[PDB]
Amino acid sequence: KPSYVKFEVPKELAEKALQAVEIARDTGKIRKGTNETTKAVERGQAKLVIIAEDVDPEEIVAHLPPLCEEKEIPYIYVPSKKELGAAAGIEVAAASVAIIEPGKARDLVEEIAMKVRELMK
């Protein structure tokens, strides 16, 4: 796996992240795309950052795991950038997504954030 993927995410945990992006897209507020996502982290707005595992070249999202740790924002890995874009509701792949307002997925992103803080070790 790429060098920016720092920990293994179980399959059903990545599905919860995808499910959280869809629910937040419908009932809350998200940012999709690495530029919008990065700014959401720099500005302290992101409640959860979702990063695709198949980003090539890696340098597009390699800055995100360190930036999220500095800003105290949890992040989780997801296997497919195309599947992440669909979860964000766009016709194209998304290398990264940031959930700003989780909406009805607030409890879900919070269960993800706790186990992700674990997986950060």
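Numbers for residues come from their place in the sequence shown, where the first is 1.
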Greater mean Cα temperature factor according to the PDB record, 7-15 or 97-105: 7-15
Per the PDB entry, maximal CA B factor within 33, 74, 57, 44: 57
Residue 53 CA temperature factor, ranked by third within the chain: middle
Within-chain third of residue 113 by Cα B-factor, per the entry: highest
Lowest, middle or highest third - CA B-factor, residue 84: lowest
Third of the chain's Cα B-factor distribution that residue 90 belongs to, per the entry: lowest
